[PDB]
Ligand SMILES: CCC1=C(C)/C(=C/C2=NC(=C\c3[nH]c(/C=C4\NC(=O)[C@H](C)[C@H]4CC)c(C)c3CCC(=O)O)/C(CCC(=O)O)=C2C)NC1=O
Ligand SMILES: CCC1=C(C)/C(=C/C2=NC(=C\c3[nH]c(/C=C4\NC(=O)[C@H](C)[C@H]4CC)c(C)c3CCC(=O)O)/C(CCC(=O)O)=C2C)NC1=O
Ligand SMILES: CCC1=C(C)/C(=C/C2=NC(=C\c3[nH]c(/C=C4\NC(=O)[C@H](C)[C@H]4CC)c(C)c3CCC(=O)O)/C(CCC(=O)O)=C2C)NC1=O
Ligand SMILES: CCC1=C(C)/C(=C/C2=NC(=C\c3[nH]c(/C=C4\NC(=O)[C@H](C)[C@H]4CC)c(C)c3CCC(=O)O)/C(CCC(=O)O)=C2C)NC1=O
Ligand SMILES: CCC1=C(C)/C(=C/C2=NC(=C\c3[nH]c(/C=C4\NC(=O)[C@H](C)[C@H]4CC)c(C)c3CCC(=O)O)/C(CCC(=O)O)=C2C)NC1=O
Ligand SMILES: CCC1=C(C)/C(=C/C2=NC(=C\c3[nH]c(/C=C4\NC(=O)[C@H](C)[C@H]4CC)c(C)c3CCC(=O)O)/C(CCC(=O)O)=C2C)NC1=O
Ligand SMILES: CCC1=C(C)/C(=C/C2=NC(=C\c3[nH]c(/C=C4\NC(=O)[C@H](C)[C@H]4CC)c(C)c3CCC(=O)O)/C(CCC(=O)O)=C2C)NC1=O
Ligand SMILES: CCC1=C(C)/C(=C/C2=NC(=C\c3[nH]c(/C=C4\NC(=O)[C@H](C)[C@H]4CC)c(C)c3CCC(=O)O)/C(CCC(=O)O)=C2C)NC1=O
Ligand SMILES: CCC1=C(C)/C(=C/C2=NC(=C\c3[nH]c(/C=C4\NC(=O)[C@H](C)[C@H]4CC)c(C)c3CCC(=O)O)/C(CCC(=O)O)=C2C)NC1=O
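Residue numbers (the deposited numbering), protein chains in the order written: chain 0, 940 to 1134; chain r, 2 to 161; chain s, 2 to 161; chain q, 2 to 161; chain p, 2 to 161; chain z, 2 to 59; chain y, 1 to 162; chain t, 1 to 162; chain x, 1 to 162; chain w, 1 to 162.
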């Protein structure tokens, strides 16, 4: 009894604090049969990972979805199609500088912040030379993606332990919501009308 | 059903079912006879339920069966009532399964674009679901009606 | 816990809780008083459970308390029994929670690296938790004993 | 506009605009005076177009203006005419921009959620847009009529 | 082509062509005869273009045909002129297509590696393309000269 | 050109995976032409063996 | 996130303590309200679209300039984003009401939301007004006993945003 | 995957028929066996490690060459992959026994397994014998009633490998 | 991004107005400048490499220490990064000129660029000098009429960095 | 990263100078101790598990509150993370000792570590005491001559964290 006594009082650490956690439900598309509701769940989760929120039906890409439920493509190719769409370019490339584009790419497809200045240099050179498509395929054809998600697992948020500064950067990156106006037309203004 | 959801979730983390998941399954199977009795009560009175729900729906919305309406004519009204029969059957299936999964899989995924292709108003469907809820929960006691109302509510919300 | 698990599952899918999840929670809170009395009973007999479980373990595994064993000496035997006390307290938490989430969050995740860094044998841990299972389920009634045994099975499987 | 689409397409590929894109911009700016003539024509007849389109809408759907309708009363019928004014302004914006981006992003994205929230019937919107199309194209020259009809057709398809 | 680019762009978003894309195709097909006569006049005079362009290129950079240069000798000079003939043919293809995609797939993608494996200096190619631009724009009308010059400019920019 | 349809088997050599990982081991997929060189190189460098290559479209 | 039960469990875990009579009292208190919370959650889920309709109509009647040209809810896209946000708030308030705790409101909703709205241009006072409208609409449906419970979580959201 | 309940639901939905006496008897039978199935699943999950150890020991005692050099289970890596496959089979047999259906065995186990083993060089007959050893070891623990049910799915896996 | 037409549409939409005579005047002005803008864009694209050639040449002639040991543009990696930055500046200034608006320079270029260069150690004043050199080179090629308009956007970048 | 050689090279590169007498003296100085560095690195690599076990035991004895309920190392998860972090410190200190340079400790360990531990709630002073315990344990194994060099990098970690 003496060896199990707490020593910091009520001002101690519960298990809920400490390093942040990846979501417990892992979404994947199994090889073979899948019920309709889990398929809708996986598709919705993939859209939520790459576009940071639910995408309405009129914006969802039906051709990749048919390809995926037919088994013609894997989840990795579904994520690649979602990345290479005009909706992604509109939301996460057009309103941002390239250095911010690299950060958003790592967030959306690795569940991560950029690891080092070398990653910034590599992806910046790719973006200056080639644009979104080659940078996206570089992110998706990377060994990190195939070791974390493979072919079937929807990317999720991660808070990697190594290298240094990556955990804090990943916490800030993954906690960040979309800060930019969703459109360039018809801006809103701060102001009142008094009745 | 409940068992399929538990197994799929357990397989997601590549583990066996936890004591909580096994207690979930045990609670579901212990309640099986009750929900079977509820489903049988609903299925024996399906003609009454469908007729009364159609009466209430058409009382609430005469425009549907008035000239220029969606269900105008005997054959279109029969198609309407047959859709109500479909959803009553789906509610019985979801009652025996223990969740809205059969309802969603057979009658909710793609329902909006389907009824759009058919020029069927969605609020009419919601009100028909409410009417069928009322008639069906009339046949059941408070405890049974309470759980059946949840499935009817899921259906109405998914159409809305 | 049961409510936390249902809510997290619904939040991952960005939906409200289904009738099935609500029914699971209702059946959970309906059975709160009996599982709470079980936790009461285990808390009352904590000292007896630790005493008898330690005695059973050291009779079945004399190498642990012999020289060269990890628990040799009064101090290391007391640390052994204190780990048993930790796990019994986690089991009471898991009983009131309705799942093994407290047990997994405090005493399972990372246990292998911990006990490797302590030179503590894992078969010794499974023998100790099975001893505690026997002692604790001896006190309770049959259904409550089976419920508690499920949590001790989860723990033994996590260690093994 | 057309220029913006060409630029974003070039930028996503980290390149200068190709001769085809520059030819497209050249053709767009060489048609600018005609587009401004058409947009100014649609601006002059704003009130004529809106009042005629409202008349055509309200004769075809009296129940909308009748008691219990969505637009019943001076305030709600004024809100209806105000929405028609919104969309005619959007059509002029699309005419000058040479494409339907202003229309899609001011009045198409989320329009179904808007009008579900407001309980406005979408077929009413569609055939009100067809009424504006007929009235507006009755005023323009045949060449201009086809061009304006393209934007009205796009908007009508977008509402459905 | 312009048509292929428009269709591919619409297909990527899974939609029909917008009024802007249809306007682009209209403007392209309305200028088809002009592009056709431009390609005709380039084709019927290709020998003059290639001869004068080779003369100008070797005058501006004699080091290529000086001993030790990449184009030294009648055989290598003939290969040089054959490459210029290739690029004139691709420019005619690009003129009729309305875009620079035939040039891109046939003679730009991989041109860097090809000419490095040939030891051909890219600045020499760029100056040869300028020589072809001058010679070809010499024998066409001002607007036709501008139209061919845009494609020649793209080819020079791609070669550098 | 256009799409290949490739069937490959990628065994595991650096560890033993607790997940089912069968869909990550033997799989058939469609690769674009412009991607197939890199994809084939990745399959080879992971120690995987390519069962078959076909030309579906083109 | 943590519910009420795991809140108690954590309180006793940091102290290395088995459950006291007071711990059992708090657990009984949460178990007693469970059927009430489940009924209220089911009612809210069944009426989410209606609740959003009423609350947004009230907000746009009380602040018309929000939906006039130049306003933050002026476009179809921005109006849809507004009602989407209201659905977020209602659903997460329902999660918190089932949990019996506001931790999920902290981690999932209120974290960085003030700076997000400031960067977006969303008026935060108008959003608190929308949440208050939603509270009023929900309280009538769920009943007084459940209304008092849901008001706590609506107030937590409003205070965190304010 | 597919449950027994989902099985009846599909067989009646493709007919467009409500449940009849036969369907209600089938559902009653599954509901009656549910408690036994849950007991067996709990016992198996509690003893999964012990079953895998006993079964692997029995398999490698009957076929010692499999773990000597030149055997397909000669390396720590291939031995680990072997016991991992056995754990796969036990866990999925438990899933399917709980479901009262062999759908999950087809969809997530046997789909492309025979060809994968053929390409890897895995002896299918020896894997089948390991599955059989799991059958006997599991049947020893779960009891007479659950042994036949669990061996149904073990035999399904054995035949799907055969 | 906004171009000139988008800017006019915005200024008239945020106040609920149809286009006026002033709006049509701005639109006519942009359509009139369109041909000159397209010609300049084509010329710059044809000569982007040469513009970077001469701009970097004269920037490193005025500031030799940049490319000499100890300078920020001294290594092949850092020199290549510098010319890549000049490529960015030319391409985006050409985009902004073709659009008739500076919004793309705000969103895609200048947003956070001083932060980036401060963290990198890049001398911002010398970058402004490189942009001025690029202006000088480009104005020669595009001709005076296009030189004025293109120098507008070069000066926008120079003022945003300085 | 940098080592002694790479440090000297970068020093002479930023001046654009060829190697001088003092440079070759420093290079000889590193080459002379390379053998001792390899020997010590192999010693830590062999005994890393023992070092971490003994250092963690010493630290948790000196500060028992770290692993009592409510401590920052109280859970199997947080205890594992603590001993894992100590293993990281030992491994990176061995890298630094082998490289003859503390640059890797800055760039790959110490940069952003205080901020990380502050956001986590990990007590930095206790982490420093753990590093000191690692120093004490490692010094006995490596031997005094290697122990001084190893203690250079251990104290570098402690000072950077302090
Ligand atoms: C190579 C450089 C490097 C270091 C050192 C590093 C440390 C580090 N420790 C972490 C968590 C942690 N670190 C500790 C460390 C212990 N807390 C106890 O009080 C002790 C005083 C102390 C060690 C002696 C603990 C308890 C956690 C929380 C673990 C959890 O919540 O599960 C985390 C958050 C991410 C994760 O746990 O996976 C990092 C990044 N990361 C790095 O990239
Ligand atoms: C753009 C190129 C493209 C095509 C052409 C295409 C067709 C297509 N239809 C499919 C399914 C289907 N297709 C149909 C349509 C049939 N039902 C019958 O009654 C009708 C006679 C007939 C249609 C006129 C149906 C019912 C399914 C679902 C089958 C199932 O879910 O098992 C599938 C399998 C996956 C899915 O559900 O989407 C494909 C790939 N997909 C594409 O990406
Ligand atoms: C620029 C993009 C944009 C649009 C289009 C838009 C429409 C819009 N229409 C509204 C109301 C309304 N809208 C209508 C129009 C409908 N009534 C009939 O059914 C017709 C079929 C149909 C019009 C043709 C009516 C009647 C109302 C009043 C609803 C009420 O007060 O209960 C409202 C709520 C605030 C208000 O009363 O002004 C909006 C925001 N808002 C926007 O920011
Ligand atoms: C559950 C956690 C969560 C929250 C809370 C959340 C809010 C949120 N609302 C957003 C947009 C928005 N939100 C609003 C709502 C405002 N408009 C009116 O003025 C009202 C006062 C008010 C609502 C009652 C609007 C208009 C936008 C559009 C902003 C824009 O596109 O310019 C955005 C920007 C990106 C997006 O479109 O989703 C976020 C992140 N997102 C989350 O993941
Ligand atoms: C070359 C790669 C390789 C290794 C290393 C390997 C080890 C190995 N040792 C085994 C048996 C064994 N191995 C041991 C060894 C232990 N006895 C004491 O505890 C010591 C701590 C320790 C030895 C120093 C024992 C006791 C058994 C018999 C266990 C039994 O069959 O019940 C077995 C089971 C099959 C058999 O009996 O041969 C394997 C697979 N197998 C391989 O393919
Ligand atoms: C969840 C369903 C599932 C199954 C069943 C499955 C089987 C499977 N077994 C594999 C390897 C293996 N499997 C075995 C086991 C066999 N060889 C021994 O001789 C025994 C006779 C027998 C087991 C009783 C061995 C030895 C390997 C290693 C093959 C190698 O890499 O050389 C692999 C390749 C990936 C890896 O090495 O981890 C798969 C995919 N995978 C799945 O996802
Ligand atoms: C430490 C790594 C590094 C290198 C290597 C480097 C090379 C370098 N050489 C340059 C100029 C030059 N370099 C050369 C050398 C060429 N002349 C012939 O063509 C030969 C084929 C070839 C040499 C064998 C010439 C002629 C120039 C003058 C270019 C001019 O003034 O236009 C310049 C431009 C600035 C200047 O004039 O100093 C650089 C940056 N810079 C670096 O930071
Ligand atoms: C599209 C808008 C955009 C810009 C402009 C941009 C600039 C940018 N410049 C960078 C580096 C650099 N930039 C320069 C350029 C400077 N060095 C000399 O002093 C010159 C005065 C001056 C150029 C005229 C240099 C030398 C580096 C390398 C810095 C380093 O590695 O330490 C980097 C880091 C990645 C890399 O090394 O390639 C970025 C992101 N990023 C963007 O997203
Ligand atoms: C609730 C989560 C949790 C657990 C379980 C936990 C266990 C734990 N047991 C420890 C020591 C110990 N643990 C044991 C237990 C072993 N003795 C025999 O071998 C048995 C097989 C076995 C127990 C049944 C012993 C003997 C020690 C003393 C180690 C020593 O003195 O070197 C320590 C080292 C610090 C200390 O003694 O206070 C921890 C952290 N810590 C946690 O935060």
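We put the beta carbon where it would ideally sit given N, CA and C, even for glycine.
Contact test: residue i Cβ vs ligand 1 heavy atom, cutoff 7 Å
i	result
residue 109 (chain w)	yes
residue 158 (chain y)	no
Heavy atom of ligand 2 within 7 Å of residue i beta-carbon
i	result
residue 118 (chain r)	no
residue 72 (chain w)	no
residue 1002 (chain 0)	yes
residue 1005 (chain 0)	yes
Residue i classed as buried or exposed, judged by whether at least 16 other C-beta atoms fall within 10 angstroms
i	result
residue 1133 (chain 0)	exposed
residue 38 (chain z)	exposed
residue 75 (chain x)	exposed
residue 1094 (chain 0)	buried
Collapsed DSSP secondary structure at residue i in the structure displayed
i	result
residue 16 (chain z)	coil
residue 61 (chain y)	helix
According to DSSP, residues forming a beta bridge with residue i
i	result
residue 29 (chain z)	8 (chain z)
residue 1092 (chain 0)	967 (chain 0)
Residue i beta carbon near ligand 7 (any heavy atom closer than 7 Å)
i	result
residue 133 (chain x)	no
Residue i: CB within 7 Å of a non-hydrogen atom of ligand 5
i	result
residue 163 (chain t)	It is not possible to answer for residue 163 (chain t), since the shown part of chain t is limited to 1 through 162.
Distance cut-off 7 Å: residue i Cβ against heavy atoms of ligand 6
i	result
residue 85 (chain t)	yes
Stretch-stretch touch, CB-based, cutoff 8 Å, three pairs: the region 95 to 106 of chain s with the region 16 to 36 of chain r: yes
Inter-stretch contact at 8 Å, needing at least 3 Cβ pairs: the region 27 to 47 of chain y / the region 26 to 43 of chain z: no
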